[PDB]
Protein chains: 4
Amino acid sequence: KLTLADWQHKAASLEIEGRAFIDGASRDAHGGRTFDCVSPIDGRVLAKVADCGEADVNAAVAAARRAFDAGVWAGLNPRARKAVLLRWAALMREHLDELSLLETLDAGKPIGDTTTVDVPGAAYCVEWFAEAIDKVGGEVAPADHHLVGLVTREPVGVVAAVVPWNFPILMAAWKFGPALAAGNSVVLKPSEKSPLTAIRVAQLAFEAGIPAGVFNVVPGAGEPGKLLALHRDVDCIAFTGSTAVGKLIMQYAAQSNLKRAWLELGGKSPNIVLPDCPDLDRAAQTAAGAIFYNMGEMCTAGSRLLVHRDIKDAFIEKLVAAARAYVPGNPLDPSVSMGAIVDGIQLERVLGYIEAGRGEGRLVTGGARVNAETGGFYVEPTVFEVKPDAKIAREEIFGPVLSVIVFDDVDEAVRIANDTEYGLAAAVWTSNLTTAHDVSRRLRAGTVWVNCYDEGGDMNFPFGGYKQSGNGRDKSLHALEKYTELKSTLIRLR
Amino acid sequence: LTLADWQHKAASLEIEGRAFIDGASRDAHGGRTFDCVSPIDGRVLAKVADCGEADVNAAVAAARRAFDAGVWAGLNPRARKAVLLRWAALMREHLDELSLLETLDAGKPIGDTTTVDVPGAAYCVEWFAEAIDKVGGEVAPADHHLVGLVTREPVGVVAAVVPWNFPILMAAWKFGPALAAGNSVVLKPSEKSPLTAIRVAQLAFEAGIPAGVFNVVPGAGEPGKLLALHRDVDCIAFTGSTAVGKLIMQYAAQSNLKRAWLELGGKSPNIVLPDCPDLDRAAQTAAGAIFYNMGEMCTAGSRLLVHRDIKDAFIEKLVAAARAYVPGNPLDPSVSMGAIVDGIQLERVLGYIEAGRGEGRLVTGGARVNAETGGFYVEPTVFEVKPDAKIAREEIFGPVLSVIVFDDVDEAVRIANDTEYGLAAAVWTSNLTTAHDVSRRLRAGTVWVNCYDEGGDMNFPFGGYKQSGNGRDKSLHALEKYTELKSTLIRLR
Amino acid sequence: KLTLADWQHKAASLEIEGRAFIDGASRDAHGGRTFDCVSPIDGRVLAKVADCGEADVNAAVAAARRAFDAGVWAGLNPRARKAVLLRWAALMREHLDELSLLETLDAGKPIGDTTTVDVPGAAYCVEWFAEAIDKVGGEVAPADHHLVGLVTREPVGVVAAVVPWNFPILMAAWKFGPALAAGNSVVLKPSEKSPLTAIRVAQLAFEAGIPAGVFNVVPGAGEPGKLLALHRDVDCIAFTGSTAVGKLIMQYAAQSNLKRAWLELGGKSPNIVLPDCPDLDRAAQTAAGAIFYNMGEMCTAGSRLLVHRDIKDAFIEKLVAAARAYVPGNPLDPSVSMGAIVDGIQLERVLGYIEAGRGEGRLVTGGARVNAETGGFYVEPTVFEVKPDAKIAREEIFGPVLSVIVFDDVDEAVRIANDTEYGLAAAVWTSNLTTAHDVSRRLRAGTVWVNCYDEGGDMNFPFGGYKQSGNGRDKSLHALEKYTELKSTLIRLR
Amino acid sequence: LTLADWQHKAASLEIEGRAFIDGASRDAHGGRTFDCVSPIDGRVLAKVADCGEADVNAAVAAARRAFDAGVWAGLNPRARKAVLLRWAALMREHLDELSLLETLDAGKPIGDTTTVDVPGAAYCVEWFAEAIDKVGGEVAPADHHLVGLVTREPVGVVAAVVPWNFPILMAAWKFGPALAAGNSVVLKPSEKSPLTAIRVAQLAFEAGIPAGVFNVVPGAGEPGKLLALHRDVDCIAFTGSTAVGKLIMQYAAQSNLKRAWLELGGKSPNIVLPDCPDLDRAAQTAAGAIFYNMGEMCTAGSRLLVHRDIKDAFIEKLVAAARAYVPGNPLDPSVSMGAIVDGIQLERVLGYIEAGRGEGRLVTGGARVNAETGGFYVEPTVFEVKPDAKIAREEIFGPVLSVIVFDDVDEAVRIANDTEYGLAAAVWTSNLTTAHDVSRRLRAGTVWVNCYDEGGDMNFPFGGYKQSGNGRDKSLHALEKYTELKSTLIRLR
């Protein structure tokens with residue numbers, strides 16, 4: 001483990017690449033356009049980064065189209081594509097310190113987190129899809145004997161991925177890992193709030209043997225994301241972000257060329273703690289992690305803690321104690337568990353919910369902006385006790401603000417849990433076999449954790465929304481359906 | 001049964017035109033109806049409930065109530081299987097009635113409705129019913145401190161908006177899997193073909209599909225748009241034109257992000273090479289591929305790509321094959337070519353025929369016939385054209401073939417794939433490597449080799465690449481449109 | 001519902017078919033061999049049944065081999081085979097009273113059981129496999145692109161099935177249902193102790209449209225089973241029965257022509273009851289049913305009840321109370337829950353084990369032969385408290401004799417459970433989520449029941465042995481692997 | 001590397017002869033050894049542990065203890081994957097050493113062991129390790145009061161007895177999947193090829209496979225018998241002759257009913273039809289099918305069935321293609337056919353060649369060569385025979401081809417299937433229907449079309465119909481041999 005001083009010294013010597021990566025090479029944006037890539041830690045300008053517009057999106061899409069239709073990557077045998085993707089992941093791992101530091105500088109995420117969750121998660125995602133390429137195939141149908149009936153999957157062609165700033169490298173890889181394994185060309189549009197790791201891994205991709213045009217990164221703001229959703233030559237768009245943008249993406253997809261559109265959106269995920277919870281200390285610590293990890297900037301954040309009246313007093317005590325480890329600090333410091341909020345606008349939005357919370361609920365802990373003098377954006381881990389219809393209980397805050405909701409019986413907790421337009425995740429804590437399975441079946445969410453929350457990172461578990469928390473799944477073999485088409489081939493022999 | 005027999009049965013038929021909502025035949029709220037007109041002769045068959053906002057809301061509310069009570073979703077897999085099999089068995093018991101309704105309503109030959117449409121609907125239901133208790137979820141190879149499950153659950157309330165070219169068959173393609181998975185369904189059949197949907201809704205209730213769980217709301221574009229926009233619908237499945245599909249996707253997105261699954265148009269290429277195994281079967285099948293169901297088929301083999309070396313002899317054979325498709329009364333069991341659905345649709349087809357006269361070579365057909373009947377009939381029509389011709393590019397949805405010559409396989413594949421459609425394609429060749437190589441290169445959901453529109457097997461997912469739709473009907477893959485995946489991570493220690 | 005009197009009037013009027021069914025028609029055995037088919041209810045001779053030997057076995061195998069190699073059944077399309085199988089199952093249901101009565105008379109099984117479990121189960125098995133035929137397929141391998149790689153399953157050819165007398169029609173169907181669905185021809189050799197339902201369903205099969213030679217039934221004792229295991233033209237033998245006979249079958253299979261051999265053998269299945277069991281009363285009732293259902297003539301009988309010391313006394317009281325429902329009685333009486341032991345030799349074997357129990361443990365209830373004046377064979381439901389090492393606790397009895405073993409902790413109960421050469425099934429009763437999953441994972445047995453025992457009869461669950469309780473599985477899609485071969489076809493395009 | 005380089009490596013090579021049991025290299029009971037003799041020139045390479053009952057027992061006990069302690073089975077899937085990947089990477093690091101051991105021990109051309117055997121071993125290990133965290137069990141579509149799981153668990157202690165024609169490769173085909181699934185393995189390699197098995201066991205331990213999880217017990221038939229009869233082995237996987245396999249099954253039956261999975265001999269037909277796309281490739285591949293690895297291949301294309309119309313010409317191309325397999329020193333990288341494993345095997349092959357002279361027509365080869373080297377070599381040999389010839393019926397396990405004429409495709413299929421074997425088959429044809437219809441009709445585990453022994457892809461289950469074995473090596477299907485199914489029915493209410 002490197003020390004704070006070690007990370008600070010590396011940050012001082014770090015050469016940061018800000019150019020787009022398009023068709024096998026770094027490029028400035030057309031006409032010399034840039035934006036300032038600012039660090040949430042302290043407001044320092046890290047780099048000028050390409051600000052792409054239509055000329056650049058069009059160049060990226062054309063190169064992707066050219067490379068797909070030429071079969072430079074789709075036409076490789078399964079084992080050969082697996083070998084390239086493994087090499088890229090190995091490279092990510094070889095450059096883990098650099099990539100981790102870029103992520104922590106760019107997005108304010110603790111270095112203890114980026115070195116262990118974000119960069120290894122990205123590399124694992126790429127490796128797992130690489131390793132799956134040559135293990136699973138299509139079907140020979142049980143059809144009439146005069147036919148040879150085959151059902152196969154083929155890459156869709158050109159895939160656009162627009163990803164958010166809360167997990168820049170990790171969400172990026174959840175898109176490009178499966179899309180590339182399937183043989184697609186990819187145009188990735190990282191958030192203007194976190195372009196750097198995307199850019200960096202693009203360079204490593206080409207170094208590993210991903211052909212020119214197969215993996216392109218187009219930094220910029222809203223416009224290049226629009227243009228990719230509208231593009232006549234993009235076959236699929238995969239987005240993780242907010243709902244207004246998500247609803248916009250689906251609309252331009254349909255209105256243009258009916259490109260496949262796949263969204264992973266926000267949540268107001270409920271975390272239900274029952275009296276027979278096997279370990280109330282682990283549950284309280286995990287309830288804190290569920291909402292304060294990555295500064296609450298987690299679509300699956302456990303932002304509604306539903307707790308049974310019988311254990312509520314003791315549980316809230318343990319929660320408050322747990323919240324202490326998440327006092328904000330410099331994310332370059334490896335001992336820090338809560339880093340910086342991504343920018344002032346996000347900070348202000350979070351403080352606005354904290355203000356609503358003060359009026360409608362009981363403040364249990366936290367609630368203040370801190371370290372304003374650093375030039376960065378920091379807010380204490382904050383807990384309120386509220387009714388389930390409170391503003392902060394209903395609306396996604398995307399910050400370290402927990403809504404604690406009391407209930408008297410399990411069916412009530414289930415009713416409150418499901419009373420939302422969101423459906424990304426849920427959890428229940430209970431020692432009882434029947435309760436565990438019965439409640440887990442009834443929670444209307446894509447991921448249900450039992451006696452855990454945000455547990456591990458296993459690629460076998462598809463991840464995504466019911467209702468308005470997105471369509472389709474990331475992770476697992478089911479992720480590949482978003483980036484392939486089915487084909488039935490009926491071969492008549494006589 | 002003879003033509004006279006079917007006319008007699010038609011005269012004796014008591015036709016139900018009301019909606020079927022929440023266990024009951026109901027007029028539209030406020031009592032409005034539209035006239036259901038037969039394309040055979042323009043005769044009014046029935047006055048059909050012309051449903052609007054209040055009806056849509058009542059159907060959706062009952063579907064929601066039923067789903068939440070678990071009257072259907074809460075039945076064991078074998079118990080839902082039994083009810084669905086009983087419903088298909090009632091369909092088969094009522095096969096003459098259903099087949100006659102479909103022929104009267106949509107102008108489809110009784111020789112087809114009795115053998116393709118109605119049995120095809122039953123089969124779909126029966127196949128999904130039989131699959132319910134055969135396939136499950138996953139136990140993940142997860143770390144040992146976890147029990148990791150991956151399961152599928154019904155989405156809840158499913159709306160299904162279906163077209164008039166195969167009314168009962170396409171309806172079943174939606175409701176068979178959606179109901180097997182446990183969802184409540186609200187079906188909005190085309191205003192051009194409401195009758196069989198209404199009749200199966202009554203049979204559904206009779207078989208034991210609980211009130212609320214299967215509803216039919218007749219009417220035109222408005223209730224379909226309202227279902228697409230509805231706050232309490234979870235999923236909408238649509239089959240129709242690409243242009244209307246685009247609106248459906250926008251309605252879903254704008255409202256509640258309901259899942260939207262479309263099956264859309266096509267301009268499917270049917271490629272015939274010199275080493276085709278049997279040129280006479282190929283020619284007969286090529287005609288069937290564009291004249292079956294009056295060419296009102298999304299997968300119609302509407303571009304016949306033929307190699308220059310066999311083109312002359314092939315066209316001669318095709319013209320001979322066209323003779324079987326003389327327009328006639330679809331109540332006649334010897335008729336293969338029935339009526340176009342209405343006069344607006346007929347005029348669209350005749351506008352494309354007129355376009356083709358101007359840009360290519362008329363080979364055979366091209367005329368509207370038998371106008372004196374009050375019905376809508378057009379000859380089986382063949383043009384030779386270049387691939388950039390309007391009739392070669394645009395979906396006609398009538399019995400109009402574009403014959404396009406090519407010089408080598410690579411050119412055939414380029415021409416085949418140079419379209420925004422992607423529903424189906426075919427190639428005819430005796431060569432092993434050619435059959436597999438070409439079939440891989442064709443960008444379409446279904447590729448037929450040495451066949452076209454072959455059988456109806458439920459194991460083959462069916463749907464679009466590109467602008468011909470997203471997702472698949474038929475096959476276990478159809479169930480994915482009507483369920484959500486859930487990952488359950490149970491931590492033991 | 002038919003009364004005892006109705007079943008009696010029906011039995012007096014019944015015309016019982018005793019001929020073999022070979023190559024599409026009933027046949028006497030070569031040279032007019034028969035045995036007397038005796039009823040265990042009262043020793044009445046029911047019918048004279050063909051006693052097949054070498055000429056009959058060879059006729060049946062030759063007809064099966066002809067029909068398979070001609071493709072009369074294997075060459076039908078999936079849907080066509082499905083319809084025929086479904087029709088046969090429908091005929092079984094149309095004749096449910098007849099087949100249920102045959103079974104009750106032939107093997108002494110309660111009519112309330114044969115009408116509700118045995119015959120519906122046989123029909124459901126056939127139906128489930130018929131329905132599965134056109135739903136699952138082979139593979140298109142993710143192979144190098146110059147190949148089309150297919151992985152398919154093909155019927156093995158001629159399948160011999162040798163089945164026991166404890167569940168005559170049900171175990172027969174568990175073999176023939178999947179074997180026939182896959183397209184094989186079958187030569188079924190039912191127990192000399194229970195030939196009649198097998199014979200009857202062969203006629204129904206032919207009426208349904210199963211072609212001549214595709215389903216054959218050859219009644220007789222051990223000789224035709226020996227011949228089938230040794231036959232040079234049989235490709236597969238599936239057996240259910242005793243271990244020593246299974247060992248003979250496996251040896252004869254190997255030495256003759258390496259025909260596939262698949263065995264379902266006996267058990268000494270442990271049923272573990274912990275203090276946090278959700279419902280001690282249901283646990284006790286189900287423990288009684290686990291050992292007294294079908295006279296304990298059940299390979300999966302819950303014949304070792306492991307109970308925690310803290311609840312042992314209370315549990316044993318409830319067990320004795322539950323045992324009262326299984327007083328032996330006339331199986332033709334629909335109110336009877338436990339019928340006759342199959343024959344005197346079996347009865348004396350069970351009484352021998354009971355004497356052994358008296359020598360090494362404590363008799364809790366039962367213990368005695370009853371109703372000897374009937375000419376039938378009956379023994380009370382019997383319970384002993386014994387040490388885990390006891391003779392009755394180690395060896396399979398195949399009668400209504402329960403070994404109750406105390407334990408002091410869950411690890412001990414797992415060690416006792418697994419300390420056997422058997423591994424057919426096990427069960428644990430606990431309300432705790434972790435215990436349930438942890439214990440069910442550690443139990444070395446093919447079926448594990450949690451908070452139930454011998455629960456329902458769902459076809460999705462493979463059923464069979466670890467260790468010496470057999471190889472391979474009956475029920476589920478996995479049962480098809482016993483009757484098919486894999487083929488990889490590698491098609492090189494260039 | 002050149003001939004000289006391999007020569008220098010061999011002279012310097014240190015060869016380990018001890019057993020590897022319970023994480024240590026150990027002498028056999030009583031210090032007993034046997035001499036490991038190279039078939040290249042008859043030089044003694046090493047004295048190798050000659051294991052008996054005490055050693056078999058120490059290995060099985062160590063495997064049992066490790067399995068019970070869960071030092072390997074209780075690791076998470078990703079953790080087992082990591083160790084197995086490390087081991088395969090160590091094999092590849094040590095490729096030169098391992099290839100040279102295989103060549104010296106079993107006489108296999110160094111050009112083969114370096115490109116096929118050692119990389120195939122590593123790839124098999126890799127592929128199964130990469131698979132362990134991708135595929136899982138089932139959540140059954142059961143009644144709702146139940147949670148029904150269907151999982152797979154490791155069987156426990158797996159014994160593996162493998163032959164001498166592909167020592168490291170067939171060892172790996174067993175231990176790759178068996179270890180991936182969590183089992184402990186006791187490997188008993190052939191007394192004619194102990195060396196790579198021993199070395200890979202050391203490397204396994206190096207890479208982190210725990211003590212007692214992977215053991216190697218060198219020696220002859222007795223230890224293999226002892227493993228098949230062992231009271232505490234749960235499964236035995238055997239590859240070898242059909243006759244010894246029958247014994248393995250009986251040993252399993254008589255003892256503890258352990259699972260027995262056999263990969264046995266063959267007499268595989270290779271059918272060449274007149275419309276073969278490329279007769280020159282087919283002729284050269286036909287030669288490779290029988291002459292590769294000295295014909296010491298269970299899947300050897302040892303019956304070449306050729307249509308009468310192309311027979312003379314095809315035979316002429318076969319004869320040319322044979323010249324490439326002139327026996328040479330296996331340490332020479334330009335050599336394509338090496339040495340027969342020992343004198344007794346050579347005499348067996350020669351006995352068959354003499355049989356052929358009596359019942360057919362000797363086309364080429366026929367002779368023992370290079371006797372002066374002290375090694376065992378025989379020429380690539382071809383006979384024309386009727387299908388009832390002794391050499392056409394019986395497995396020879398040497399470079400001896402039986403060429404059989406046929407007059408039509410039905411006859412070729414009859415002749416191909418008229419054997420008690422069923423390991424593999426092939427057909428060459430350019431016709432789509434012929435290719436699919438013949439491939440379906442051939443009763444063998446692997447059917448090649450327009451190729452033979454094509455690549456080594458791990459996705460294709462390999463193994464016998466009839467008397468060529470039960471079960472399959474390679475693919476996810478290989479795992480079934482080393483796991484049990486469990487149904488867990490969890491009743492909630």
# chains A, B, ... in the order shown; residues from 1 in each chain; ligands from 1
>>> residues_around(residues="residue B:72", least_positions_apart="4", cutoff="8 Å", atoms="only C-alpha atoms", output="ChimeraX atom specification")
/B:66-67,80,182-184,209-210,213
>>> write_last_selection(atoms="N, CA and C atoms", output="mmCIF file, in the first residue's frame")
data_model
loop_
_atom_site.group_PDB
_atom_site.id
_atom_site.type_symbol
_atom_site.label_atom_id
_atom_site.label_comp_id
_atom_site.auth_asym_id
_atom_site.auth_seq_id
_atom_site.Cartn_x
_atom_site.Cartn_y
_atom_site.Cartn_z
ATOM 1 N N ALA B 66 -55.686 -7.900 -11.025
ATOM 2 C CA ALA B 66 -55.552 -9.362 -11.144
ATOM 3 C C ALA B 66 -54.103 -9.791 -10.873
ATOM 4 N N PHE B 67 -53.170 -9.081 -11.496
ATOM 5 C CA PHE B 67 -51.775 -9.371 -11.291
ATOM 6 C C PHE B 67 -51.435 -9.297 -9.798
ATOM 7 N N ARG B 80 -51.104 -23.203 -14.399
ATOM 8 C CA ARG B 80 -51.243 -22.288 -15.556
ATOM 9 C C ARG B 80 -51.135 -23.046 -16.867
ATOM 10 N N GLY B 182 -47.163 -15.428 -16.691
ATOM 11 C CA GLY B 182 -47.955 -15.015 -15.546
ATOM 12 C C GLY B 182 -48.516 -13.600 -15.575
ATOM 13 N N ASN B 183 -48.236 -12.870 -16.657
ATOM 14 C CA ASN B 183 -48.662 -11.467 -16.753
ATOM 15 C C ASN B 183 -50.138 -11.350 -17.009
ATOM 16 N N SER B 184 -50.708 -10.190 -16.668
ATOM 17 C CA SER B 184 -52.009 -9.800 -17.223
ATOM 18 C C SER B 184 -51.797 -9.090 -18.534
ATOM 19 N N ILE B 209 -59.100 -18.551 -17.676
ATOM 20 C CA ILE B 209 -58.231 -17.377 -17.508
ATOM 21 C C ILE B 209 -59.056 -16.420 -16.647
ATOM 22 N N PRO B 210 -58.558 -16.048 -15.455
ATOM 23 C CA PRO B 210 -59.380 -15.259 -14.540
ATOM 24 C C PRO B 210 -59.689 -13.878 -15.115
ATOM 25 N N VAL B 213 -57.304 -10.855 -16.526
ATOM 26 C CA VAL B 213 -55.971 -11.354 -16.856
ATOM 27 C C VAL B 213 -55.855 -11.333 -18.354
#
>>> residues_around(residues="stretch 26-32 of chain B", least_positions_apart="3", cutoff="9 Å", atoms="only C-alpha atoms", output="count of residues only")
15
>>> closest_residue(among="C:101, C:125, C:280, C:132", to="chain A", atoms="only C-alpha atoms")
C:132
>>> residues_around(residues="residue A:479", least_positions_apart="3", cutoff="12 Å", atoms="only C-alpha atoms", output="PyMOL selection string")
(chain A and resi 125+128-129+132+173-182+238+262-264+459-464+471-476+482-484) or (chain B and resi 485)
>>> write_last_selection(atoms="N, CA and C atoms", output="compact mmCIF listing (two decimals), in the first residue's frame")
# COMPACT_ATOMS: atom_id res chain seq x y z
N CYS A 125 -14.00 -7.39 -15.24
CA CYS A 125 -15.09 -7.41 -16.20
C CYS A 125 -14.62 -7.78 -17.61
N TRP A 128 -13.53 -11.53 -17.69
CA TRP A 128 -14.63 -12.51 -17.55
C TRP A 128 -15.34 -12.63 -18.89
N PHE A 129 -15.62 -11.51 -19.54
CA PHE A 129 -16.27 -11.63 -20.84
C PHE A 129 -15.35 -12.25 -21.89
N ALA A 132 -15.47 -15.87 -21.33
CA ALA A 132 -16.76 -16.47 -21.71
C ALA A 132 -16.94 -16.70 -23.21
N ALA A 173 -16.24 -0.05 -18.49
CA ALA A 173 -15.89 -1.44 -18.74
C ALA A 173 -17.12 -2.38 -18.73
N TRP A 174 -18.12 -2.09 -17.89
CA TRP A 174 -19.38 -2.89 -17.90
C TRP A 174 -20.08 -2.83 -19.27
N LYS A 175 -19.93 -1.70 -19.96
CA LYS A 175 -20.36 -1.59 -21.36
C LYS A 175 -19.36 -2.21 -22.33
N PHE A 176 -18.11 -1.77 -22.33
CA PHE A 176 -17.20 -2.20 -23.41
C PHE A 176 -16.68 -3.64 -23.29
N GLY A 177 -16.62 -4.15 -22.08
CA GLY A 177 -16.24 -5.56 -21.83
C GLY A 177 -17.10 -6.53 -22.60
N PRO A 178 -18.41 -6.52 -22.32
CA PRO A 178 -19.25 -7.42 -23.15
C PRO A 178 -19.40 -7.00 -24.63
N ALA A 179 -19.54 -5.69 -24.90
CA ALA A 179 -19.75 -5.29 -26.30
C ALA A 179 -18.58 -5.75 -27.18
N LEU A 180 -17.34 -5.59 -26.70
CA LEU A 180 -16.16 -5.91 -27.51
C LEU A 180 -15.98 -7.41 -27.60
N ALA A 181 -16.32 -8.12 -26.53
CA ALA A 181 -16.13 -9.56 -26.54
C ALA A 181 -16.97 -10.16 -27.65
N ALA A 182 -18.18 -9.60 -27.83
CA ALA A 182 -19.12 -10.06 -28.86
C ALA A 182 -18.64 -9.75 -30.31
N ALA A 238 -25.91 2.16 -25.32
CA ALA A 238 -25.94 1.74 -23.91
C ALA A 238 -25.56 2.92 -23.02
N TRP A 262 -30.45 0.84 -24.43
CA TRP A 262 -30.32 0.12 -23.18
C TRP A 262 -29.88 1.05 -22.07
N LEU A 263 -30.71 1.19 -21.03
CA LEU A 263 -30.49 2.19 -20.00
C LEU A 263 -30.31 1.56 -18.62
N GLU A 264 -29.38 2.11 -17.86
CA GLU A 264 -29.20 1.80 -16.44
C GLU A 264 -29.35 3.17 -15.78
N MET A 459 -19.40 -11.15 -11.48
CA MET A 459 -19.89 -10.97 -12.85
C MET A 459 -21.02 -11.92 -13.21
N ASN A 460 -21.29 -12.94 -12.41
CA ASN A 460 -22.44 -13.82 -12.69
C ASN A 460 -23.84 -13.24 -12.44
N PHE A 461 -23.92 -12.07 -11.80
CA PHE A 461 -25.23 -11.58 -11.38
C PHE A 461 -25.66 -10.42 -12.27
N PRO A 462 -26.62 -10.65 -13.22
CA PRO A 462 -27.11 -9.49 -13.99
C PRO A 462 -27.63 -8.41 -13.06
N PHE A 463 -27.52 -7.16 -13.49
CA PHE A 463 -27.65 -5.97 -12.68
C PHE A 463 -28.39 -4.93 -13.52
N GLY A 464 -29.49 -4.40 -13.00
CA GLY A 464 -30.26 -3.42 -13.76
C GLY A 464 -31.67 -3.28 -13.21
N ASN A 471 -33.59 -0.53 -18.42
CA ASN A 471 -33.97 -1.78 -19.07
C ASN A 471 -32.72 -2.61 -19.45
N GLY A 472 -32.81 -3.94 -19.37
CA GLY A 472 -31.63 -4.73 -19.73
C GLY A 472 -30.77 -4.86 -18.49
N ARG A 473 -29.68 -5.62 -18.62
CA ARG A 473 -28.80 -5.91 -17.55
C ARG A 473 -27.32 -5.73 -17.98
N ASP A 474 -26.52 -5.24 -17.05
CA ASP A 474 -25.09 -5.33 -17.06
C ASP A 474 -24.58 -6.50 -16.22
N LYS A 475 -23.32 -6.93 -16.51
CA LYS A 475 -22.76 -8.15 -15.95
C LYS A 475 -23.54 -9.41 -16.42
N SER A 476 -22.91 -10.57 -16.28
CA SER A 476 -23.44 -11.89 -16.59
C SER A 476 -23.54 -12.05 -18.08
N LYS A 482 -27.62 -7.41 -25.13
CA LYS A 482 -27.76 -6.00 -25.50
C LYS A 482 -26.95 -5.63 -26.73
N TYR A 483 -25.99 -6.49 -27.10
CA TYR A 483 -24.94 -6.16 -28.10
C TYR A 483 -24.90 -7.19 -29.23
N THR A 484 -25.88 -8.12 -29.23
CA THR A 484 -26.03 -9.15 -30.25
C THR A 484 -27.47 -9.21 -30.75
N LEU B 485 -35.24 -10.16 -15.13
CA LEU B 485 -34.26 -10.91 -14.36
C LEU B 485 -34.09 -10.29 -12.99
>>> select_by_dssp(residues="stretch 77-153 of chain C", states="strand (DSSP E or B)", output="ChimeraX atom specification")
/C:138-140,147-153
>>> interface_residues(of="chain C", to="chain A", cutoff="9 Å", atoms="only C-alpha atoms", output="ChimeraX atom specification")
/C:75-79,133-146,150-152,430-437
>>> residues_around(residues="residue C:397", least_positions_apart="2", cutoff="7 Å", atoms="only C-alpha atoms", output="ChimeraX atom specification")
/C:350,353,395,399
>>> interface_residues(of="chain C", to="chain D", cutoff="8 Å", atoms="only C-alpha atoms", output="NGL selection string")
:C and (141-143 or 149 or 151 or 235 or 247-248 or 250-251 or 254-255 or 257-260 or 440 or 445-452 or 455 or 458 or 460-463 or 466-468 or 470-471 or 473 or 485-493)
>>> closest_residue(among="D:390, D:145, D:308, D:317", to="chain B", atoms="only C-alpha atoms")
D:145
>>> atom_distance(atom1="atom CA of residue A:122", atom2="atom CA of residue D:207")
25.7 Å
>>> residues_around(residues="residue C:398", least_positions_apart="4", cutoff="7 Å", atoms="only C-alpha atoms", output="short mmCIF file (atom, residue, chain, number, x, y, z; two decimals) with N, CA and C atoms, in the first residue's frame")
data_model
loop_
_atom_site.label_atom_id
_atom_site.label_comp_id
_atom_site.auth_asym_id
_atom_site.auth_seq_id
_atom_site.Cartn_x
_atom_site.Cartn_y
_atom_site.Cartn_z
N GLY C 296 -42.91 -48.70 3.96
CA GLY C 296 -41.47 -48.54 4.07
C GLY C 296 -40.71 -49.21 2.93
N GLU C 297 -41.44 -49.59 1.87
CA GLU C 297 -40.86 -50.27 0.71
C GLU C 297 -40.47 -49.17 -0.28
N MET C 298 -39.53 -48.35 0.15
CA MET C 298 -39.22 -47.12 -0.57
C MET C 298 -37.72 -46.99 -0.49
#
>>> select_by_dssp(residues="stretch 255-357 of chain C", states="alpha helix (DSSP H)", output="PyMOL selection string")
chain C and resi 255-256+280-292+309-323+344-357
>>> atom_distance(atom1="atom CA of residue A:170", atom2="atom CA of residue A:118")
5.4 Å
